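Worth knowing before you read on, the calculation uses all heavy atoms, side chains too, and leaves out hydrogens, waters and symmetry mates. In what follows, chains carry the letters A, B, and so on, assigned in the order in which the sequence lines appear, proteins first and then strands, with residues in each chain numbered from 1. In listed order, ligands and their atoms are each counted from 1.
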Amino acid sequence: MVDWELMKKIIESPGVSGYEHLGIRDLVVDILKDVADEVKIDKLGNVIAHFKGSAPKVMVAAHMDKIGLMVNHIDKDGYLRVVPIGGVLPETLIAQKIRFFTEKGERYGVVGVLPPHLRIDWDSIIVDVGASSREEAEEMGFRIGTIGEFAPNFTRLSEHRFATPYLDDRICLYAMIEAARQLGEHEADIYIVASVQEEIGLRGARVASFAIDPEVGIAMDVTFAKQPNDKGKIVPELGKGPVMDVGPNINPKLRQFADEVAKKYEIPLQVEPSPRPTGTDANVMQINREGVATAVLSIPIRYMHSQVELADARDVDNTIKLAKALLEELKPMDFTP
Amino acid sequence: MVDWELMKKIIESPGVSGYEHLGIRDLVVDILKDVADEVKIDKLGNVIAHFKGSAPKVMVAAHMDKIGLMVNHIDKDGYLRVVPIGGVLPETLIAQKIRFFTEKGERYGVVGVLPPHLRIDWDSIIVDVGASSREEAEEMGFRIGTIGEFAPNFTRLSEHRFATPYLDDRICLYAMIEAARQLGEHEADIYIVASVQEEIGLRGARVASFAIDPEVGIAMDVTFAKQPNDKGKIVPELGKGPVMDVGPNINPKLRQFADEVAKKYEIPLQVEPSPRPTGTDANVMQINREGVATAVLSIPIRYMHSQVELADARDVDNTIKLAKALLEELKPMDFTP
Amino acid sequence: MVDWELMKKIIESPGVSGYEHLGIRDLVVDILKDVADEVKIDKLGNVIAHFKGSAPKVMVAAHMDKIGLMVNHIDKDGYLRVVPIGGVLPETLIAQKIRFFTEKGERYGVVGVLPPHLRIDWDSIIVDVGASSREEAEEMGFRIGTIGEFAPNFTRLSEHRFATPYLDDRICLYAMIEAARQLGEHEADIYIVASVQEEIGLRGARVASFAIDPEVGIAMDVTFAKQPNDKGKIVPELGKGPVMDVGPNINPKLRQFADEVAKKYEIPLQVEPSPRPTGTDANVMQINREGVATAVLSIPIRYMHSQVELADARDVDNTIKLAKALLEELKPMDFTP
Ligand SMILES: [Cl-]
Ligand SMILES: [Cl-]
Ligand SMILES: [Cl-]
Ligand SMILES: [Co+2]
Ligand SMILES: [Co+2]
Ligand SMILES: [Co+2]
Ligand SMILES: [Gd]
Ligand SMILES: [Gd]
Ligand SMILES: [Gd]
Ligand SMILES: [Gd]
Ligand SMILES: [Gd]
Ligand SMILES: [Gd]
Ligand SMILES: [Gd]
Ligand SMILES: [Gd]
Ligand SMILES: [Gd]
Ligand SMILES: [Gd]
Ligand SMILES: [Gd]
Ligand SMILES: [Zn+2]
Ligand SMILES: [Zn+2]
Ligand SMILES: [Zn+2]
């Protein structure tokens, strides 16, 4: 079962990389304070929630930062110029609405388009916030350094599928949190991390990893799903279950284990071939300290890093189940390759 | 004064070129039936509302059709392919939501984007409606020929400025209708037309023009407003008043008259230099039958033909006033150049 | 006040990345041994100077390595081929003098130009050291691995502005050093680090960060200043004060504090929008161990990484004042974002 209302709330709560404290951080803390033995916030802004247990020591990470924008200029006529935080594609900004977090509250701006008869790149991205002068714009609360996000826009397309900005990674943050709320008996000593600044170099998990010092590390990010024009170069598909990579970033014995957990609980599990260190928190967890046994558990989505990221609710539900089952079944074990 | 609620309603009511009967037509008829002597709908779908009077015979036209999309393909996996109705730019479709009018009601779809590592044109525009098969998509109500529009999204940015799809031409349809509701005493014999199929060749006004046979014809469309990257090649500016073109499509004595009406009522009036026959209903009105004395009265907007068209409410209000004043002050006159 | 003689000396002292021991290290050790409680040199060459105090533990880093050149070949005719250590532009080498540190003392070389009628790249970079044969060059003290720098050339242009190779980062090393010298009572437990190998991966601040384990970290590097042909994309300006970034790498609470310090001491303070993890020592400090509260304090300069790096003495003076003031005002406080 999926809680649509809570999911929507977690997806749309403010928090670009480096600015997770604008909303999502407190929302996450307020949900986990009730179920975790202890909840802390570190100097980088990570939310670390301890679910006390015996062994092994297990870290789970789902990043709460969104890709977004920073204002770096305001011109005489009151237009804004912006620059990306994280892998924003400028092509997805044309004729779109941007949600800004100014000092007088949330405001909106609009990225225009040039009518054909007066005619891809970041210098063409000029934000219109409804002002006539630099002074009016400043008075609205706009500053050099003001942060913006894709305007919220949640759409259920069918019974199962839905499109919204920022499924990466709010969809896995939601699944991770949900699995934690339902967490039953477990031998493992579990740390649930809502990591910070993942979209700009995995920095949150790097630092939380150092603090916690786990034996097992599991990252919950989204992954690419088969979509139009992918040239058939994408293995996972929407609606066919959660995904767990295989490859160098993936500890073989941990990956084997998760497979059998899935078999026992009869949860469909997809394979994603990953020949490189992943672009997830598992990358830096694996090379933390003396080494960590790591894996990636992901929800497949279409249209990664756009206002229109699309998932299947059956994959979300199954991801919650497998996350829960894994955390409960995890026991001391030989992870040596 | 501007009625934000009514404006929003008129802007968002369904009606692409050739399909104004999906909503906007009845909305317009229902508003004008109360104030007009007689309201008719012609074979092309035009709404013609007569406000009886003496002379001259005056036609006013604001088009109620929107640019939009038609589905022309549904593939095995349930994706849609679409083609434009009117001057839709494909660049404005990336990561956008489309509102569809299917046979089982309104549904939504989403135009994806291709993640960078697997890489402007219409064959790249594939619509995702949350289906898995052609059959599921058909069952949803999708057909070859299903119509779609930009998803509604009204945003007031500041006290005066607001951005939304389809200000062209719902913003002038609203101003025109509003002026008609407030219409006082007038010597002129007035026909208020909500024209059809303007974005694909001015066809509605061509035909309504023939039926009515006016001596004076006035078109209310939107026009380009000064915006970023316009190379300073746009004269009108947001917030500096309604616009009335000057040029070959504009009868000199009618244009003179409107100028003095504006002076008397002290409504700011901008000039737009138009050396060609205009891309408005005034084009075909002027060459109707034995000739018609024509002018263009427009509201300036930024970002023409995108989801993010932007206007200034002060221009809207002033447009209502000048439209009203002109209709009341209009009297028999020598229009001979 | 700025000490021109001391500033010049610190700027022109030898020390390319990995070879900071050729001069700058001892000059730094010699100056701070007089004011610091303790001075150590680590395995990579960082100079770490302890200024005892209570809390918080504060690391300040100004890098003492310069970008430079390494000889990787000597041909039969005694010419050298070189390769860059750090972000050297080959364009800045045409018709320039190079200072080399040979086994027989400092020597000079020249990178030529080809007269046009005989006609951008590293293969066009051939150094002429005045030799006729490989042996003569060898006998002169030149080896594969010989290190070279931009020849020193300090010039005061006006009362406040001056241009020289290697303001990056000797100008902030100088500022940090002066601030330490003038340091009064302070609650913070202060470590002044003159770091090693910054222009090639922030190595050194990475290791010093680890040994010191601070709670607060401040980098003093140079930053870009508004200059000709910058497309107006550079916010900070010469003469308008020190600069402090805002963005993910900058702890919001520390940044707010520093702002407050500036206001109280009436020191002009600029903002630089930095949406990425910075290209300064603060990048690795932030992700050191369990995380650090970090900021960047920088001097604005023109023509970064060239022989004519150019600064304003008023910004230097103010950077010292702000550096001093910050270190004295710093106290325990909650840095949680
Ligand atoms: Cl990721
Ligand atoms: Cl038009
Ligand atoms: Cl640097
Ligand atoms: Co991402
Ligand atoms: Co149009
Ligand atoms: Co540098
Ligand atoms: Gd550019
Ligand atoms: Gd104010
Ligand atoms: Gd079963
Ligand atoms: Gd250890
Ligand atoms: Gd094509
Ligand atoms: Gd059916
Ligand atoms: Gd007046
Ligand atoms: Gd006639
Ligand atoms: Gd080469
Ligand atoms: Gd002086
Ligand atoms: Gd520690
Ligand atoms: Zn992610
Ligand atoms: Zn139009
Ligand atoms: Zn530097």
Side-chain angles (χ1 to χ4, degrees), chain A residues 11 15-17 20 61-68 85-88 165-176 193-205 219-225 243 245 262-268 272 278-284 296-301 303-306 309 311 321, chain B residues 115, chain C residues 17 61-67 86-88 166-173 195-205 219-224 243 245 249 272 274 276-285 296-301 304-305 309:
Chain A
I11 289 171
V16 168
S17 299
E20 306 83 346
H63 63 95
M64 62 190 178
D65 61 313
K66 298 166 167 177
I67 65 180
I85 300 172
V88 173
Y166 297 128
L167 289 185
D168 178 32
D169 192 33
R170 298 300 172 84
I171 200 55
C172 276
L173 181 59
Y174 162 76
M176 185 188 61
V193 181
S195 66
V196 121
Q197 294 187 29
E198 186 266 3
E199 295 280 16
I200 61 172
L202 318 172
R203 327 193 100 220
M220 298 179 69
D221 207 325
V222 299
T223 202
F224 303 101
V243 184
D245 312 38
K263 182 180 177 184
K264 158 175 176 177
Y265 289 78
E266 293 174 9
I267 313 170
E272 171 178 346
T278 64
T280 79
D281 285 333
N283 191 312
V284 293
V296 174
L297 170 60
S298 50
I299 300 174
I301 74 180
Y303 319 130
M304 173 92 46
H305 282 196
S306 74
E309 287 174 352
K321 295 178 184 192
Chain C
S17 302
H63 65 97
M64 64 190 180
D65 62 315
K66 297 165 167 176
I67 64 182
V88 172
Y166 297 126
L167 290 185
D168 179 31
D169 191 29
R170 298 300 172 84
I171 191 52
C172 276
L173 180 62
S195 61
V196 125
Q197 297 190 32
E198 187 267 3
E199 292 277 13
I200 56 172
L202 319 174
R203 333 189 103 222
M220 301 178 72
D221 208 327
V222 299
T223 196
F224 303 105
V243 181
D245 306 41
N249 201 155
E272 170 178 345
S274 300
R276 280 161 284 283
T278 66
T280 81
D281 286 333
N283 188 314
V284 292
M285 284 194 287
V296 175
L297 170 62
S298 48
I299 292 175
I301 77 178
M304 174 91 48
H305 282 196
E309 283 173 351

(Q) Could you check whether atom OH of A:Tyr265 has more than 12 heavy atoms from other residues, nucleotides or ligands sitting under 6.0 Å from it? (A) yes
(Q) Any N/O/S atom from A:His63 (main chain or side chain) under 2.8 Å of the Zn ion (ligand 18)? (A) yes
Q | Which atom of A:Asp168 approaches the Zn ion (ligand 18) most closely (N/O/S) | A | OD1
**Q.** the Zn ion (ligand 18) reached by A:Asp221 (N, O or S, under 2.8 Å)
**A.** yes
Q.
Using the side chain to side chain contact (heavy atoms under 4.5 Å, CB included) definition, which of the options C:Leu297, C:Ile301, C:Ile299 pairs with C:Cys172?
A. C:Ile299
Q. Do C:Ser274 and C:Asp245 get their side chains close enough for a donor-acceptor pair, meaning under 3.5 Å?
A. yes
Q: Can you measure from CG (A:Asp168) to CG (A:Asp65) and round to the nearest 0.5 angstrom?
A: 8.5 Å
